[PDB]
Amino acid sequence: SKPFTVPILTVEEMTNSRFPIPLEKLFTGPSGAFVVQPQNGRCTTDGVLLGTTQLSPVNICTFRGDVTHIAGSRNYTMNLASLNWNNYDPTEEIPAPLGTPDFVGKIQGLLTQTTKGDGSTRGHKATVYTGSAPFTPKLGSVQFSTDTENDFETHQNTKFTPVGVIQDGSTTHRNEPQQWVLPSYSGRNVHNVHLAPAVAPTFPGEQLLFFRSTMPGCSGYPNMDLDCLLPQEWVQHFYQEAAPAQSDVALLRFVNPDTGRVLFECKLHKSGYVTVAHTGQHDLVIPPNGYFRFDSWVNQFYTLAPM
């Protein structure tokens, strides 16, 4: 079998696979109070994309299409198009368009538009509430709240570029976004389909290891923590390499090339997530040049040295 590898990029050189921001740190914690089932940043070690995962680090939480104004408001409905501006196909066997947000929250950014005829352009602050009834990306429609009642034109290509998240400051602080709560991609009382599975540690004394970023906050008191299971660069790497998994777990060592010593070891499960031997919440302290290295194929219940 073709030898398996992970990139040698450091954590801070890599990108969150769930929102277009750099990775900041590694974090581990118990995950019993939630279901860890993100749909972006999902890929097997042999390169099979899962859920709503696609390859672009900058086509995550974006939308494209044309918009229609909702009378008596600053709200616009976007009829979704594909990345190359073609009609959206709701019958593809995916949960929602690839790159669709995979958490319930209020994502703020800019809605921009070009008029084809003369190249005139416009841009307005906009928010999408992924927990709202009109959030139906699998059906081909989402709604944005904006700062205009009349500037956007119909039947002109329109893009949403995400920036960060908001919260209602008159309610309990940090109560949203909820990063581990999937939206209902087809709206209220319709089940999600074609999902990447939930993940959890399976061996005693282990926890998931998360690749963590802090989303920009744009209003209120949001929970800005965002954990992904794989860096976007790992998704791109496995997709290209397509090296076969020789067991259920790739043992990785995290090495400091400065001192030449292994800092810790972890399990990269072939379905695309990482666990470590630790109990409790912990922000890992790592050197800037630290990187992960594949060392060997082991079994699911291999006993790791404590992190």
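Start at 1 with the first residue shown and count on from there. So that the term is clear: the rigid core is the largest set of C-alpha atoms that superpose within 1.5 Å between two forms.
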### Summary
Top-deviation stretch by C-alpha RMS in 5 other deposited structures of this protein (rigid core reference), from 208 to 216, 185 to 193, is 185 to 193
### Task
Rigid core fitted first, then name the stretch among 9 to 17 and 295 to 303 whose C-alphas deviate most from the displayed form in 5 other deposited structures of this protein.
295 to 303
#### Entry: Segment of higher mean CA temperature factor, 170 to 178 or 76 to 84
170 to 178
### Query
When the C-alpha temperature factors are averaged for each of 258 to 266 and 45 to 53, which stretch ends up with the higher value in the entry?
258 to 266
### Query
Between 233, 153, 227, 89, which one tops the list for C-alpha B-factor in the PDB entry?
89
#### Entry: Highest recorded Cα temperature factor - choice among 141, 189, 161, 120
189
### Query
So where's residue 71 on the chain's Cα temperature factor ranking, which third?
highest
### Chain third (lowest, middle, highest) by recorded CA B-factor, residue given as residue 24
lowest
### Message
How does the C-alpha B factor of residue 38 compare with the rest of the chain: lowest, middle or highest third?
### Response
lowest
### Query
Is the Cα B-factor recorded for residue 59 in the lowest, middle or highest third of its chain?
lowest
### Message
Could you place residue 11 in the lowest, middle or highest third of its chain by Cα temperature factor, using the values in the record?
### Response
middle
